[PDB]
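Novice: can't give you the sequence, but here's the structure:
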């Protein structure tokens, strides 16, 4: 006399309570360690409540072979005596025909797809429905607990991210759609995680993060192709293409998207994560704190590059969890570091303090932001001369998106002590000691702007100081080369040879104009400018050298849009672009998109823009989703492609009326 009619999982209200409403309003997504409510409906009225309560039990199973030993299967009764810190169920409200049941899960529960089954005494198992269990940054007892609500909103609930690219002195923020709450992202992440057979460890955020980082790095190596090809629409299409093989592939000039894809997967599973960009990262050293750079007598580089290079930038995924298996004090931000393979979780503090030995990857991450650069001159005779070079600092302007804003947050102090400080000296000598136990008359100063306008003009200054008592015959070589983001040589653009005489004890300033029209070829897209100066005098056998990385600056895309907008009302955004180039802009396409504002994307064609003129396109659209939304605008033409800017708009609910 206890037959079940139906079970209402109340996906809308529970998903609102569990901060999973962006995932679905129909499927039940719950975070572990927090109660959720279901309604049980009976075919016939229940006469006596207490015996009926004694006659029912609930069962939760995950995976294909659930077992009590794996913690993948749990059986619990429905009573007020249940353990609220474990699997439990209590009837909170009841009618004659229905029970309102509050179900809890342990804060250390195995994540994934679950089935809820009801056991009536002397009857066969009845499936009540399906739900998906996630990590809970809102639960104090969870390993991924986050103290701040703002940090939870930024690192788990926000799908509108910013990946910082460019150079250290010219940081360009690219709008990124993480899209962790897209419909299939949770299913794709769990399917990828299912390639790991230690399902009992899926309760541990460290294990899940390591497994997913390794698998995603393997997929990135398998699917990213050697070199529109650079047009991006966030992490979700990349993840779909990596897992299914269908869609637009990613090419090696944008291999930095691995960090964003990992951030999306971790955020969708409930692990707080952020994308971190390190500028001037010394990659490929194996922990060695030295970088060898080789330049010819024209100040240019010949081959494709070395194995150990200083990248213009490198992206990485940081994730938030405790470290129970580590010595105390390493809870917080962890760096995902795949090793060609296996992935490692490195606390940021361990990198900062040089705690080489805590995890296997501490040495590589420490070398990435602490190596020194040694510059060699390759003479035409073949002999390799050492060079007196300016200091090339590594690990600059370590940046991530700020909390509760579109501003940029600098987090370099989490990774390094200030240069020349006592603490940095202590860390460096300790690391040197561990590794050792285990195993000129001329001064050049190069002044360059941080950016060069696209097809534009800039001025550079070389200051040469002669400290000899005699005048010097000095050959000054100036070179401009295009380099990819990962330090791979792209194209030789400009070379200039000067012959100067420096009076004794006299400083001389040489101003040189750096013009695009002087370049032997146009720099390839998404490349940076390596500017080098090389001063050689007589037969001193030593050359002064300085280098600077220059970003190519494109015209500013200005978006004008009201700060607030009413839901279900038309909203106009005007977009302007000034043609500051030396040619007309032809084949002009402008696209607008943004989740909660525009369904997918709309592409428009606008008229050709002559030099020194301005475009002014107005777009009208009606926002339909309440919240903090972002409009993303992309401009394509024959001079430049994938020029993206963004603007945030807060959409408010309509005023209440009758």
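Specialist: That came through, no problem. Residues are numbered from 1 along each chain as shown.

Novice: neighbouring contacts of stretch 346-362?
Specialist: By CB atoms under 8 Å, 6 or more residues apart in numbering, the residues outside stretch 346-362 that reach it are 287, 318, 323, 326-327, 329-330, 332-335, 337, 339, 344-345, 363, 365-366, 369, 414-417, 427-428, 430-431, 434. In short, each C-beta sits where N, CA and C put it, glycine included.

Novice: Please pick the buried ones from those residues.
Specialist: Neighbour-count burial (16 or more other CB atoms under 10 Å) is assigned, among these, to 287, 318, 323, 326, 330, 333-335, 337, 344-345, 363, 365-366, 369, 414-417, 427, 431.

Novice: Sort out which of those are in strands and list them.
Specialist: 318, 333-335, 337, 344-345 (DSSP state E).

Novice: Please settle this for me: is residue 520 part of a strand?
Specialist: No: going by DSSP: H, G, I helix; E, B strand; the rest coil, the assignment for residue 520 is coil, not a strand.

Novice: That one - how many residues pack around it?
Specialist: A count of nearby residues for residue 520, using other CB atoms under 10 Å, gives 10.

Novice: Next: the one 4 residues further on.
Specialist: One way to gauge burial is a neighbour count; for residue 524, by other CB under 10 Å, it gives 13.

Novice: Check the gap between the spatially closest residue to it that is not a sequence neighbour and residue 609 for me.
Specialist: The spatial neighbour of residue 524 that comes closest, neighbours along the chain excluded (CB to CB, 6 or more residues apart in numbering), is residue 490 at 5.0 Å. Residue 490 sits at a distance of 28 Å from residue 609 (criterion: CB to CB, to the nearest Å).

Novice: same thing with residue 560?
Specialist: In terms of CB to CB, residue 560 sits 18 Å off from residue 609.

Novice: When these two are compared, which one has more neighbours?
Specialist: Ranked by neighbour count (other CB under 10 Å), residue 560 and residue 609 place residue 609 first, with 20 against 12.

Novice: Contacts only, for the more buried one.
Specialist: Counting by CB under 8 Å, 6+ apart, residue 609 has contacts 577, 579, 584-585, 588, 615, 637.

Novice: again, 7 Å this time
Specialist: Listed by CB atoms under 7 Å, 6 or more residues apart in numbering, the contact set of residue 609 reads 579, 584-585, 588, 615.

Novice: Out of these, flag the one nearest to residue 220.
Specialist: residue 588 (33.4 Å; CB to CB).

Novice: what about that closest one, how many residues close to it?
Specialist: 21.

Novice: what's the answer for residue 17, then?
Specialist: 17.

Novice: Also residue 642?
Specialist: 17.

Novice: Can you get me a residue count around residue 219?
Specialist: Neighbourhood size, residue 219 [other CB under 10 Å]: 18.

Novice: which residues touch the helix or strand harbouring it?
Specialist: Secondary structure assignment for residue 219, by DSSP states H and E: helix 205-223. By CB under 7 Å, 6+ apart, the surrounding residues in contact with helix 205-223 are 135, 143-144, 192-193, 195-196, 198, 201-202, 241-242, 249, 255, 258, 261-262, 265-266, 269, 271, 319, 321, 323, 336, 338, 341-343, 345.

Novice: Also stretch 470-477?
Specialist: 297-299, 442, 462, 464, 466, 497-504, 510, 533-538.

Novice: That one: which residues count as buried?
Specialist: The neighbour-count check on stretch 470-477 (16+ other CB under 10 Å) flags 472, 474, 476-477 as buried.

Novice: picking that back up, from the ones in strands among the buried ones among the contacts of stretch 346-362, pick the one nearest residue 64.
Specialist: residue 345 (27.3 Å).

Novice: Please name the nearest non-neighbouring residue to that closest one.
Specialist: Per CB to CB, 6+ apart, closest to residue 345 is residue 334, 4.5 Å.

Novice: Just to check, the one you found is in contact with residue 344?
Specialist: No: the pair residue 334 / residue 344 is not scored as a contact, 9.3 Å apart, by CB atoms under 7 Å.

Novice: where's the residue lying closest to residue 26 once chain neighbours are set aside relative to residue 110, distance?
Specialist: In this structure, residue 26 finds its nearest non-sequential neighbour in residue 11, 5.3 Å apart by CB to CB, 6+ apart. For residue 11, the distance to residue 110 equals 21 Å [CB to CB].

Novice: Return the distance of residue 362 relative to residue 645.
Specialist: Counting by CB to CB, the gap from residue 362 to residue 645 is 38 Å.

Novice: the more surrounded of these two?
Specialist: residue 362 (23 against 18).

Novice: other SSEs contacting the one helix or strand residue 602 maps to?
Specialist: Here residue 602 sits within strand 601-605, counting by DSSP H and E. On a contact count with 3 or more CB pairs under 7 Å, 6 or more residues apart in numbering; DSSP states H and E, strand 601-605 meets strand 589-593.

Novice: Among the buried residues of stretch 470-477, which one lies nearest to residue 375?
Specialist: Closest approach between these and residue 375, by CB to CB: residue 477, at 13.2 Å.

Novice: That closest one pairs with what?
Specialist: Assessed by DSSP bridges, residue 477 has beta-bridge partners residue 497, residue 534.

Novice: And residue 11 and residue 110? Which one has more around it.
Specialist: The neighbour count for residue 11 versus residue 110, taken as other CB under 10 Å, is higher for residue 110 (25 against 22).

Novice: That one and residue 82, how far apart?
Specialist: Going from residue 110 to residue 82 by CB to CB gives 19 Å.

Novice: Over to residue 502?
Specialist: Going from residue 502 to residue 82 by CB to CB gives 86 Å.

Novice: Looking at those two, which has the bigger crowd around it?
Specialist: residue 502 (22 against 18).

Novice: residue contacts, the residue nearest to the more buried one when sequence neighbours are not counted?
Specialist: Distances taken as CB to CB, 6+ apart put residue 466 closest to residue 502, at 3.9 Å, once the chain neighbours are dropped. Neighbouring residues of residue 466 by CB under 7 Å, 6+ apart: 441-442, 472, 502-506.

Novice: try 10 Å
Specialist: 441-443, 472, 474, 500-508, 537 (CB atoms under 10 Å, 6 or more residues apart in numbering).

Novice: from these, which two are the most distant?
Specialist: Across the contacts of residue 466 (CB to CB), the longest gap, 16.2 Å, separates 443 and 501.

Novice: Which one's more surrounded, these two?
Specialist: Shown here are residue 443 and residue 501; by other CB under 10 Å, residue 443 has more neighbours (15 against 12).

Novice: I'd like the distance between that one and residue 344.
Specialist: 43 Å.

Novice: Give me the secondary structure label for the nearest residue to residue 78 once chain neighbours are set aside.
Specialist: Distance criterion CB to CB, 6+ apart; nearest residue to residue 78, sequence neighbours excluded, is residue 89 at 4.3 Å. Here residue 89 is recorded as strand under three-state DSSP.

Novice: now the strands for the stretch 301-450 of the chain?
Specialist: 309-321, 332-339, 342-347, 372-378, 384-386, 388-389, 396-401, 408-410, 442-447 (DSSP state E, counting those that start in this stretch).

Novice: Just name the most buried of the ones you listed.
Specialist: Comparing those by mean neighbour count (mean count of other CB atoms under 10 Å), strand 309-321 ranks first with a mean of 24.

Novice: Okay, angle between it and strand 342-347 too, please.
Specialist: Relative orientation of strand 309-321 versus strand 342-347 (axes from the mean of the first three to the mean of the last three CA atoms, to 10 degrees): 70 degrees.

Novice: Which helix or which strand is home to the spatially most central residue of the chain?
Specialist: For the chain, the residue nearest the mean C-alpha position is residue 275 (2.6 Å; CA atoms, centre = their mean). Per DSSP H and E: residue 275 is located in strand 273-283.
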